[PDB]
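> Sharing a structure with you now.
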Amino acid sequence: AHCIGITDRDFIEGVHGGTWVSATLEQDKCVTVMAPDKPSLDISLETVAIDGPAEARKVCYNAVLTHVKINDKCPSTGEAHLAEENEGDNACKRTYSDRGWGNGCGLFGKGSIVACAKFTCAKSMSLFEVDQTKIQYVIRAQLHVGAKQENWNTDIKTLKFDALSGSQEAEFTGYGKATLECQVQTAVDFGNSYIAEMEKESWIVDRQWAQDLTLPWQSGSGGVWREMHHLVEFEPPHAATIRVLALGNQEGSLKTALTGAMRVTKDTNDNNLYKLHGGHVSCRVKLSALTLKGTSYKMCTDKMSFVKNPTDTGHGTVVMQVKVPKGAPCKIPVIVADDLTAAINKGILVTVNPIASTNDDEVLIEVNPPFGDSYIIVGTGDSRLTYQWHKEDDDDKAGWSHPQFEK
Amino acid sequence: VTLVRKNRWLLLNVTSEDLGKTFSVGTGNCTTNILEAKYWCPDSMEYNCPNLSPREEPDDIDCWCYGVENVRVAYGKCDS
Ligand SMILES: *[C@@H]1O[C@H](CO[C@H]2O[C@@H](C)[C@@H](O)[C@@H](O)[C@@H]2O)[C@@H](O[C@@H]2O[C@H](CO)[C@@H](O[C@@H]3O[C@H](CO[C@H]4O[C@H](CO)[C@@H](O)[C@H](O)[C@@H]4O)[C@@H](O)[C@H](O[C@H]4O[C@H](CO)[C@@H](O)[C@H](O)[C@@H]4O)[C@@H]3O)[C@H](O)[C@H]2NC(C)=O)[C@H](O)[C@H]1NC(C)=O
Ligand SMILES: *[C@@H]1O[C@H](CO)[C@@H](O[C@@H]2O[C@H](CO)[C@@H](O)[C@H](O)[C@H]2NC(C)=O)[C@H](O)[C@H]1NC(C)=O
């Protein structure tokens, strides 16, 4: 029933005799599935996300240098060394400086000089491996039974999926069950893609591009920084000193490069859940196990009333809320005719076999009237409810496709 | 300034208060002209101070010693 609350909607029609239908679920869109003698089924794609992706790399874009040591030796007296060269948390550079009289060397020429600095990564970008199989996606399912809007959330069955999760059953008490075989289709190939994270912001990036970044990177589980020299600046050496400086924060450059990349929404509650954008889900739905409640109910013959007058949904359909004070349990007779005399239903009833199980029940009914002038008729006799309607013929937000038969 | 004996090396630990100062070390002396130097912090620098001959004028160095061997200067760039 919740498709009514959703702007972008599509109607799947099942052919009498078929048991399966095919539906394409896009994000922020809803699909109403209708089959003869079957209750209509609203299905919608809530979220498509990846949960707990293994961290492949970390890429430091802001480094901090501390404790700079520099050693040197006069020409032809041997190479100069530091203990830090053996220390893995140190970025070092070996080079030579001009030496001679004036800096305490008896020989004029290139003398050895080495600089080491303690490397600490202030800020790094995380890179996650996205597993095709660990990809999760959630689908909301609901029926058109006559529930008030205020109750929709409690009637919605939530179907959780992952890649190769198997078919998921949606069981509705009194109306049977529907079965969903879904296959998730992502916009991005994950064989050549990382999930990049900087601060709160996330993106989908290319693996080769990320590996080719001239920046210090750390392996999974960490404990070692490779290519520190990318964020360390060694100025041309003086006789016995070298100015070593940490490079500017490369946050800006990184963001700039990331402007040309798709973005990912990190889940608010969970720090490990990453919601994907634009993906769609191809679903195959079995309806043969769905049934209708109140098929045995006698038709409502008592005076009913409109709690909510027939109102346009924006989908080209009409919703009304009908109160049944007496006669329950009973079937609510609903048709959409050409006039007040004819009794041929020209409208399409979304709420198949509307019933009122108890007295003073308020049943929400949706129906698709034909174009132009028609009359909505609820119940029969002189106490019946009538409401003149007109359908503009203008374009509506709802999409209709060809009815389908699948064995 | 503080001067400490560390293994083979003699450590000239200077601050901004020691700018341009010459100190009598043993039988010789040592001098530093390091604008960069302020007070001690992890953001530090440590390197050699060349032992120069009696008439050897400093060249491309901001720290040196006359008659003193194995001296290294160390300083911080942080403010107290
Ligand atoms: C830190 O230490 C530096 C090194 O000094 C060395 O020399 C000895 C004497 C000790 O001081 C040791 O600590 C060290 O090994 C100091 O730099 C040097 O300072 C000395 C002392 O002032 C300077 O020596 C002087 O040089 C003058 C050069 O001018 C003449 O030189 C030629 C010969 O080379 C003459 O023929 C010409 O006429 C030139 O005019 C010279 O005139 C001086 O001689 C007179 O003084 C000495 C001692 O006072 C005395 O023995 C002699 O008989 C004369 O009366 C003297 O030889 C040296 O040039 C200078 N070197 C540099 C590179 O600056 C430094 O000052 C010191 N720092 C502090 C703060 O003290
Ligand atoms: C240079 O001198 C500073 C100042 O004394 C030294 O920093 C001291 O280190 C001790 C621990 O050894 C700590 O209490 C403080 O960090 C400093 N103390 C004081 C009183 O300032 C620094 O370690 C020296 N540098 C070297 C290379 O020895």
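By order in the structure tokens, chains are A, B, ...; within a chain, residues start at 1; ligands start at 1, following the order shown.
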With a cut-off of 7 Å, could you pull out the residues of chain A touching chain B and give me the nearest pair of atoms for each, distance in Å to one decimal, using only C-alpha atoms, ordered by chain and ascending number, as JSON lines?


```
{"residue": "A:65", "atom": "CA", "partner": "B:43", "partner_atom": "CA", "distance": 6.9}
{"residue": "A:66", "atom": "CA", "partner": "B:43", "partner_atom": "CA", "distance": 4.6}
{"residue": "A:67", "atom": "CA", "partner": "B:44", "partner_atom": "CA", "distance": 4.8}
{"residue": "A:68", "atom": "CA", "partner": "B:45", "partner_atom": "CA", "distance": 4.7}
{"residue": "A:69", "atom": "CA", "partner": "B:46", "partner_atom": "CA", "distance": 4.8}
{"residue": "A:70", "atom": "CA", "partner": "B:47", "partner_atom": "CA", "distance": 4.7}
{"residue": "A:71", "atom": "CA", "partner": "B:47", "partner_atom": "CA", "distance": 6.0}
{"residue": "A:101", "atom": "CA", "partner": "B:56", "partner_atom": "CA", "distance": 6.8}
{"residue": "A:102", "atom": "CA", "partner": "B:59", "partner_atom": "CA", "distance": 4.6}
{"residue": "A:103", "atom": "CA", "partner": "B:50", "partner_atom": "CA", "distance": 5.6}
{"residue": "A:104", "atom": "CA", "partner": "B:52", "partner_atom": "CA", "distance": 4.7}
{"residue": "A:238", "atom": "CA", "partner": "B:60", "partner_atom": "CA", "distance": 6.0}
{"residue": "A:239", "atom": "CA", "partner": "B:60", "partner_atom": "CA", "distance": 5.7}
{"residue": "A:240", "atom": "CA", "partner": "B:48", "partner_atom": "CA", "distance": 6.1}
{"residue": "A:241", "atom": "CA", "partner": "B:47", "partner_atom": "CA", "distance": 6.3}
```

> What's around residue 79 (chain B) at 8 Å? Count only C-alpha atoms, leave out sequence neighbours fewer than 3 positions away in its own chain, and write the answer as a list in words.

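Surrounding residues, per the criterion: residues 38, 39 and 40 of chain B.
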
> For CA of residue 111 (chain A) and CA of residue 74 (chain A), determine how far apart the two atoms are, in Å to one decimal place.

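Going from CA of residue 111 (chain A) over to CA of residue 74 (chain A), I get 4.6 Å.
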
> Would you kindly return, as a list in words, each protein, DNA or RNA residue with an atom no farther than 10 Å from any atom of residue 22 (chain B), considering only C-alpha atoms and excluding same-chain residues fewer than 6 positions away?

residues 29, 30, 31, 32, 33, 64 and 65 of chain B

> In Å to one decimal, how far is CA of residue 214 (chain A) from CA of residue 89 (chain A)?

18.6 Å

> For residue 46 (chain A), work out the shell of residues within 7 Å, counting only C-alpha atoms and skipping chain neighbours fewer than 5 positions away, then give it as a ChimeraX atom specification.

/A:27,138-140

> Excluding residue 37 (chain B) and any residue of its chain fewer than 6 positions from it, enumerate the residues within 8 Å of it, using only C-alpha atoms, and give them as a PyMOL selection string.

chain B and resi 14-16+19+75-77

> Check the DSSP output for the backbone and give back, as a ChimeraX atom specification, the residues of region 50-243 of chain A in strand (DSSP E).

/A:50-51,55-73,90-99,109-129,135-143,157-162,168-172,176-185,193-198,201-206,217-218,225-226,232-234

> Quick check, in Å to one decimal: how far apart do CA of residue 61 (chain A) and CA of residue 211 (chain A) lie?

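Atom-to-atom, CA of residue 61 (chain A) to CA of residue 211 (chain A), that is 13.6 Å.
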
> Which neighbours of residue 405 (chain A) fall inside 7 Å, counting only C-alpha atoms, when residues of the same chain fewer than 5 positions from it are skipped, and could you give them as a PDB file with N, CA and C atoms, in the first residue's frame?


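So the final result, stored in result.pdb, reads:
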```pdb
ATOM      1  N   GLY A  14      -0.226  -9.135 -13.897  1.00  0.00           N
ATOM      2  CA  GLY A  14      -0.084 -10.555 -14.151  1.00  0.00           C
ATOM      3  C   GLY A  14      -1.241 -11.079 -14.978  1.00  0.00           C
ATOM      4  N   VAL A  15      -0.937 -11.989 -15.894  1.00  0.00           N
ATOM      5  CA  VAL A  15      -1.957 -12.623 -16.717  1.00  0.00           C
ATOM      6  C   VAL A  15      -2.565 -13.814 -15.983  1.00  0.00           C
ATOM      7  N   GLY A  18      -0.908 -17.403 -15.019  1.00  0.00           N
ATOM      8  CA  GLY A  18       0.505 -17.301 -14.711  1.00  0.00           C
ATOM      9  C   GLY A  18       0.747 -17.367 -13.217  1.00  0.00           C
ATOM     10  N   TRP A  20       4.256 -16.504 -12.040  1.00  0.00           N
ATOM     11  CA  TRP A  20       5.401 -15.621 -11.817  1.00  0.00           C
ATOM     12  C   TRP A  20       5.268 -14.294 -12.560  1.00  0.00           C
ATOM     13  N   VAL A  21       5.868 -13.246 -12.001  1.00  0.00           N
ATOM     14  CA  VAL A  21       6.000 -11.968 -12.703  1.00  0.00           C
ATOM     15  C   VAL A  21       7.407 -11.414 -12.504  1.00  0.00           C
TER      16      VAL A  21
END
```

> Of the residues A:308, A:200, A:229, A:2, which is the one nearest to residue 141 (chain A), using only C-alpha atoms?

A:2

> Choose the residue, out of B:36, B:67, B:78, B:25, that has the smallest atom-to-atom separation from residue 11 (chain B); count only C-alpha atoms.

B:25

> Pick out the residues sitting within 12 Å of residue 251 (chain A), and hand them over as an mmCIF file with C-alpha atoms, in the first residue's frame; count only C-alpha atoms, and ignore anything fewer than 6 positions along from it in its own chain.


```cif
data_model
loop_
_atom_site.group_PDB
_atom_site.id
_atom_site.type_symbol
_atom_site.label_atom_id
_atom_site.label_comp_id
_atom_site.auth_asym_id
_atom_site.auth_seq_id
_atom_site.Cartn_x
_atom_site.Cartn_y
_atom_site.Cartn_z
ATOM 1 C CA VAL A 59 46.582 5.997 2.099
ATOM 2 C CA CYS A 60 48.160 8.746 4.185
ATOM 3 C CA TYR A 61 47.526 12.187 2.704
ATOM 4 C CA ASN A 62 48.630 14.105 5.784
ATOM 5 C CA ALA A 63 51.917 13.197 7.465
ATOM 6 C CA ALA A 122 48.179 12.338 10.774
ATOM 7 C CA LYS A 123 45.379 11.632 8.301
ATOM 8 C CA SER A 124 44.917 8.737 5.881
ATOM 9 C CA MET A 125 42.309 7.575 3.377
ATOM 10 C CA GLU A 197 36.918 6.890 2.624
ATOM 11 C CA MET A 198 38.098 10.315 3.764
ATOM 12 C CA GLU A 199 36.622 11.661 7.007
ATOM 13 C CA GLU A 201 32.903 11.226 2.897
ATOM 14 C CA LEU A 215 51.411 8.674 -1.678
ATOM 15 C CA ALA A 257 40.627 14.236 -7.948
ATOM 16 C CA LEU A 258 37.598 12.642 -6.274
#
```
